[PDB]
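Same protein, same chain, two forms; see structure 1 and structure 2 below, as structure tokens.
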Structure 1
């Protein structure tokens, strides 16, 4: 059934419709602004997943690069992966607990006008497809981007407006002005401006929700009745609580635990408990018995934070873990640093590469991820040994890409323009116990100064967590504790992973992963203020190992040199089709580029490389 509604920006209209395209899907929708149009579908199986969790995947795909100008579908980009993840975070929290059904959300860019951004359209598209579908989902959600252009707050800024915005904030909101997801990149802006952007953004999401609710009412939606919701019965939970509460409370009030000892201790309680349940309730099911212990471990864990204002390691609500750092770890590295916060350890390196390396030989491949502004990028890895695990170490890793992008944008505003080399930061998490991406931003800041990049200011980030008590009637929050710098266990037993970074004066990045079906604006405002205190604490300790850029780049650093070649010798110098230069580059790792008729510029990664190149060229 064709249906359509327009939502006023008010500056620009959002056109939402459904009922013409892809009508076999459980849900489908198209969202258009200007001449950009996105279709989103939602499909969810009726048979339970072999998984003992909800398998949800979001796939946002584009058909061309560079504002829809360079066709690419005939042949995964960064943009696609990051956009998929943003949509995922905007919808995941609103599925019912126990909904273990294979569910897929796909996005099709029907048309892109190079002016109106399709990413935000797709988030809204997912919301309306789910809303109009028979899939249980506690929405609707509405989403907008907020920019700050020439001093003004602009909703859903055009691509041109974005290029001069000091803010790239995306907000997804649920009814009653609850925040479901916050994603932002900012030019080191004032907390007060950042926070006002959030409130404006939320306002607009509520308008979009109103439009969606109209659409739902016209469509006459009847949700499916899932075969089963896999939540443990109140009986098995109550009993489990009886059996394990005292041991769990003991474990969680023992401050001498570290990550590993604490986990092994709850695991011991789990094994015993889980076997005593198997007997009391022989009527199956191992997975439900497993669910029950997790529910109880979680509740005991949280009740202590709520009742005693103490955390399982003895910290205050606002205390940072101990931090230590070092720069200049290894002599040959252009810059490096080790950043340790509690049992989270990341090693960061900077490497200067040629300006040329920011571009691939193939035009269309280049267009895909584009050329990094300031010729600056950060690559993040989370290898399996960081958690004493075994894992795949090849291929596309979406989480690593997302985390890298987060730490990259945290750092991006302090990077100088017109640096003579490409700046590559590598962040590698060697030990993991919470907020590796925020440690990557910190480590990156230290290594960048070590390397002698004159960054404008140091950068640090931290994760804020959340524990709530909500009435069983409505989902309404009757009490809550914000946690500074959360342990792994506080993330998984907690309600959010609110990662925010910036300088001593402003905010550069935010990624709020919220696991409740939305939270009040007041809670996120407080989270931001609380993180601001911790950030400054991290910066003070960071500034004691290094507080300004090395006054030059290191001895071992790259060098650029200009080489004159007379026409008489060009043909021999370059070789047929430039073969000599290509061979020179492969063999010495230098990068040569012809500047004019007689002039060639040589980038060498080290003085040793240049020497070797000077000898290969000295024929």
Structure 2
């Protein structure tokens, strides 16, 4: 067993399924196992599945682990891989989710599987201005920041997930730097254990990457036509996708006549490689994007408020070809803060972006519903924008307006890179990261970095945050033109609550009140409290109680 010092407490790492590991901190210990078949998958991609045990917590944790280990597998490694985490003990103090990410790193590092790690992962909190490493369950209850960082060798950032109570950018960036430093300590522990254990990696049968010969011939056949498409700024999202597909159909029938010995899938990826390189070479060499935008330019943002007159609150935020419609519905407090945002994964990120500005003792449950009408790049950040608008339109006294944006990245391998403000879908697809960050015009509230490269330097993460605040200020200015303060009053059709003291009406088993809510549509509970969606329904409610 090996030990790492992450500030106060420690972290022990051992072995045990192509590879197993146990990560313990305090009296919480997790066991993780990694397997990968030797027969290639018939699906033409890498099927990696992370199974976490502790239920929305499990799914979000499983994907946090997934994002921390995915970019480190070799390309074309199309082999069924399973990473299962089994919680062995929980002390209620040390959280196992961070241990699981590390457990997933050690398992693969000790395993057969080709995995260019190891990865270190810690949480960072801020308790009374103190930067806390892996805060305990109690410390997290009084922390202004919940940040999880997955670090690669040489201080490269693999995964960034954060929720913050509107902390300043300077602390947020300092907290990121702290966490990465500790991830480098953990990797020292892993690498020390792999030499004590003795690890030998297999030689996989075939890394399904296209041969340079087919890639070079595909380049000659499609470069100028692909360059033509990615320099024509009149293309929309669909006309540009279909334009490259027309070039895609003409070239491979030519490719099949040239390389009849080639796998049919090898012909598809060969065009994908060439289409990806042409797309990225334009942003790198000419500093322009496929729609004429430059690296820091937003798409045209417009938004309306109070379009649906019957609902409790409505907004529609439109940024380029990403258009969301958000509604607000107040329900009873009887189903921390009672606030929910629902997407129609994405919802959780938007909900975390608005969570800090939501008031505490609001008389009702606040439910935002973001319906995406058109998708073309990070509609979850659009949901936080539209959610802020619909919250103000409804009368919810939010502390400040929130906005989000996604920053992309196009690197040359890192000899050079381009940071893209407000990426299209195609820029996320052909890019290297999906840097979704939101907050107020004073601070950060949520961050989710979906980095595809085998890690990126701290400098790029810092500049991505700075570039995102510039875009955030512009978005908030457009938003504040539509509405900048929460409506002082809710709509007159808005729900109403009232308290009723009963003299010793509930009937046998509550049949009395089941009948009340069934007929009038109100909601009763306890000094009884009754919630009514409309003042009219409240009138039939007081009609019902007088007969009793």
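Positions refer to the first chain, counted from 1. Rigid core here is just the name for the largest C-alpha set that superposes within 1.5 Å across the two forms.
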### Query
Just checking, between structure 1 and structure 2 and with the core aligned, does residue 35 shift 2 Å or more at the CA?
no
#### Entry: Displaced residue check between structure 1 and structure 2: residue 589, CA, 2 Å or over, core reference
yes
### Message
For a quick test of reading the superposition: does residue 562 move by 2 Å or more at the CA between structure 1 and structure 2, rigid core aligned?
### Response
yes
### Task
Any chance you could measure the C-alpha shift of residue 427 between structure 1 and structure 2 with the core superposed, in Å?
1.2
### Task
Provide the displacement, in Å, of the CA of residue 207 between structure 1 and structure 2, taking the core as the superposition reference.
0.4
### Task
Enter the rigid core superposed C-alpha shift of residue 10 between structure 1 and structure 2, rounded to one decimal in Å.
2.7
